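Trainee: My structure is below; once you've seen it, I'll send some questions.
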Amino acid sequence: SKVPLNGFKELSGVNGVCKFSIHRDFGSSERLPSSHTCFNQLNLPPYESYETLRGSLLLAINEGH
Amino acid sequence: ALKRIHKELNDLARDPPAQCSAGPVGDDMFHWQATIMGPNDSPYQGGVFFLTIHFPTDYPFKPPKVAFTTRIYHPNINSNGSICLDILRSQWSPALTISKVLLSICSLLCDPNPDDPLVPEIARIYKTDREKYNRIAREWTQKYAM
Amino acid sequence: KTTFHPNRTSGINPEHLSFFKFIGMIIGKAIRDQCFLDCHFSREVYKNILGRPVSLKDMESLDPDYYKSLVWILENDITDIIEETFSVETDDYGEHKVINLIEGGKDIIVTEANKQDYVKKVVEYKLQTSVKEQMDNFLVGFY
Amino acid sequence: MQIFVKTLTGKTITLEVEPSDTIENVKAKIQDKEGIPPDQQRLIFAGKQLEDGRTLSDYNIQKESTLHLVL
Amino acid sequence: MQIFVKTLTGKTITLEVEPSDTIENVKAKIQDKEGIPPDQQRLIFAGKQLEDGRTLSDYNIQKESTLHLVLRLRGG
């Protein structure tokens with residue numbers, strides 16, 4: 001939950017510096033967005049509506065904890 | 001910790017359960033190079049892939065770092081060579097050994113895991129476009145496995 | 001990377017105790033001044049400044065995976081897999097050194113009959129003894 | 001440990017102190033040994049004046065450290 | 001020949017030195033890259049502090065040698 005000292009340009013992963021990356025996912029739109037913390041990777045489905053995307057992201061982040 | 005690494009090297013050179021050949025390089029026991037043969041009944045068959053392993057100084061208390069030096073076409077393997085593997089990330093235990101992780105890598109190559117992909121494009125291609133996945137994997141193996 | 005813990009090798013600079021005390025007073029002033037600091041400290045520092053004893057739970061924050069291996073050694077099995085002894089090997093700026101957790105720690109071999117004390121000594125040395133003087137200066141500066 | 005205090009022309013005196021001891025305690029010990037009040041004592045180490053509110057470890061003062069007393 | 005200088009956790013840098021040059025030359029060459037003045041840089045090797053007057057030959061320095069860099073804690 002801590003941003004890098006310098007900022008988001010200092011994002012680091014297992015292999016070293018790695019900036020936040022968002023990758024399209026063609027799976028079923030009902031699929032909850034997935035993430036890989038080892039590379040700050042976020043696989044996101046192309047939600048048609050902003051409300052649906054917000055709900056899915058909220059569900060993902062809340063279920064993470 | 002060097003004794004554990006020596007034991008693992010002796011075991012690998014004695015009876016390596018996995019279809020692979022790995023050993024230290026540059027006179028350093030903490031840096032290793034490994035070769036994984038292409039499993040049969042798969043487009044990777046007939047191809048050998050090269051991997052680089054870095055052993056943490058706290059081994060076996062810390063998982064080894066594994067990267068795919070050889071370019072491969074796999075949903076769960078990054079193009080740059082990064083890998084996703086639970087046993088090396090959160091499930092690592094001191095009881096685990098280099099041979100065990102090599103066997104796990106060989107299996108993952110045998111059965112991909114589209115459910116947790118590092119490249120959604122390849123995952124979708126494999127799931128719904130098996131012919132394209134097989135063809136592209138064969139081409140990549142021919143180009144960068146031999 | 002965001003959070004830091006005091007460095008064992010701070011002894012290279014003779015003035016490190018005074019600088020730790022200065023860090024303590026500046027942190028105290030920041031708390032008084034209500035100026036938030038993006039810096040973070042390992043759980044050991046917070047527990048010690050609050051006076052609570054430090055245990056493997058603090059070790060979890062510093063070395064999550066390594067703490068997992070330690071707890072697995074202690075409880076999840078009977079270990080007896082590594083020939084580690086009651087000593088710690090370190091590389092201080094190219095100089096290889098060995099520090100004995102207990103008297104004669106180098107020779108005594110770690111076993112299931114002495115793992116419970118081995119892990120306790122390891123964590124105590126890592127968190128408290130290795131930083132005793134520096135953390136005491138930090139605490140007196142803060143208070 | 002012990003430290004030594006030397007004047008410009010006088011002899012050298014020995015004071016048993018600890019890192020937590022403040023320079024005020026050092027001046028008090030100097031007064032007890034010689035009678036000079038703290039206000040009349042100026043302490044220098046490594047060419048730097050020593051303040052009352054700080055301690056020995058602050059200025060990197062260790063065992064057998066030599067200080068200069070100026071009145 | 002070439003030598004390597006590394007910080008506690010930062011990157012590593014390479015200098016082009018020779019045995020005869022004093023540690024002053026090494027500190028100056030470090031300065032051109034990072035900018036730390038020589039008076040502030042503390043250079044260590046094999047766990048023993050170095051000195052400006054001596055040189056690489058005095059410290060039996062050789063090829064592909066790694067030194068450790070620290071920033072001075074001025075006392076006052």
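Trainee: If you take the Cα atoms of the protein assembly as shown, find Rg, then find the Kirkwood Rh from the mean of 1/r over all pairs, what is Rg/Rh? Don't skip to the end; give the middle numbers.
Mentor: Working: Rg = 29.2 Å, Rh = 27.8 Å.
Using Cα coordinates only, the ratio equals 1.05.
Trainee: Let me ask you something else. Taking the Cα centre of the protein assembly as shown as origin, work out the dipole magnitude from +1 charges on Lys and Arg Cβ and -1 charges on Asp and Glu Cβ, in debye rounded to 20.
Mentor: Using only the charged Cβ atoms, the result is roughly 760 debye.
Trainee: Also, I was wondering about something else. Normalised by the residues of the range A:11-65, what does the relative contact order come to in percent, with Cα pairs under 8 Å and at least six apart?
Mentor: 33 percent
Trainee: Something else: May I ask you to give the average projected area over all directions of the convex hull of the Cα atoms of chain D, in nm² rounded to one decimal? Please report the intermediate quantities before stating the final value.
Mentor: Working: hull surface 16.2 nm².
So the mean shadow area of the Cα hull is 4.1 nm².
Trainee: On a straight-distance basis, which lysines could pair with E:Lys33 in a cross-link, Cα separation under 19 angstrom, same-chain partners fewer than 8 positions away excluded?
Mentor: Those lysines meeting the cut-off are E:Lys6, E:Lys11.
Trainee: The range C:18-143: D in µm²/s via Stokes-Einstein (Kirkwood Rh, Cα pairs, 4 °C, 1.567 mPa s)?
Mentor: It comes out at roughly 79 µm²/s.
Trainee: Here's a follow-up. If you take each beta carbon of peptide C:10-19 and count the beta carbons of other chains within 10 angstrom, what is the mean?
Mentor: Across C:10-19, the average partner-chain Cβ count within 10 Å equals 5.
Trainee: Which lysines have a Cα less than 25 Å from the Cα of B:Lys100, not counting those fewer than 8 places away in the same chain?
Mentor: Filter leaves B:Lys3, B:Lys7, B:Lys62, B:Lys65, C:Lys68.
Trainee: Return the single residue from B:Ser79, B:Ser90, B:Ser42 with maximal mean-square fluctuation; model: Gaussian network over chain B, springs between Cα atoms under 10 Å.
Mentor: Largest GNM mean-square fluctuation: B:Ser90.
Trainee: Given a 10 angstrom Cα cut-off, can you work out which residue in C:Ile23, C:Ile82, C:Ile99 is the most mobile in a GNM of chain C?
Mentor: Evaluated over chain C, the most mobile residue of the options is C:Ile82.
Trainee: Still on this structure: Tell me which GluC sites (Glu not before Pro) from the range C:89-143 have a DSSP coil assignment and no more than 16 other beta carbons within 10 Å of their own.
Mentor: Answer in residue order: C:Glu103, C:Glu112.
Trainee: P(r) of the range A:1-54 in 10 Å steps, Cα pairs, percent per bin?
Mentor: Percent of pairs per bin, in order: 23, 42, 27, 8.
Trainee: Okay, moving on. Looking at the range C:85-143, which trypsin sites (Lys or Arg not before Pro) are DSSP coil and have at most 16 other C-beta atoms within 10 Å of their C-beta?
Mentor: Those satisfying the criteria are C:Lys106.
Trainee: Looking only at B:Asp116, B:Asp27, B:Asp58, which one moves most when chain B is put into a Gaussian network model with springs between Cα atoms under 10 Å?
Mentor: Most flexible of the set in this elastic network: B:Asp27.
Trainee: Under unit Cβ charges (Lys, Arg +1; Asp, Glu -1), what dipole magnitude, rounded to 20 debye, does the range D:12-71 have relative to its Cα centre?
Mentor: Working: 7 positive and 11 negative charges, 40 e Å.
I would put it at about 200 debye.
Trainee: Something else: In whole angstrom, how far apart do the alpha carbon centroids of chain D and the range E:1-46 sit?
Mentor: Taking the Cα centre of each part, chain D and the range E:1-46 sit 39 Å apart.
Trainee: Further, regarding this structure: What longest region of chain B stays clear of trypsin sites (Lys or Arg not before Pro) that DSSP places outside H, G, I, E and B and that have at most 16 other Cβ atoms within 10 Å?
Mentor: Formally, the longest exposed-site-free interval is B:1-70.
Trainee: Note down the relative contact order for chain D as a percent, whole number, built from C-alpha pairs under 8 angstrom at least six residues apart.
Mentor: 44 percent
Trainee: Further question on the same structure: Just checking the output field for A:13-25: average partner chain Cβ neighbours within 10 Å of each residue's Cβ?
Mentor: Numbers: counts 1, 7, 6, 0, 0, 1, 0, 0, 0, 0, 5, 3, 5.
The shielding value for this peptide is 2.
Trainee: Also: Hand me the trypsin sites (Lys or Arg not before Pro) from the range D:15-71 located in a DSSP loop with no more than 15 other Cβ atoms within 10 Å, in residue order please.
Mentor: The qualifying sites are D:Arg54, D:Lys63.
Laboratory data are not the source of any read-out in this text; all were calculated from the coordinates shown. Positions of Cβ are generated from backbone atoms using ideal geometry, with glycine treated the same way; all protein chains shown enter the neighbour counts.
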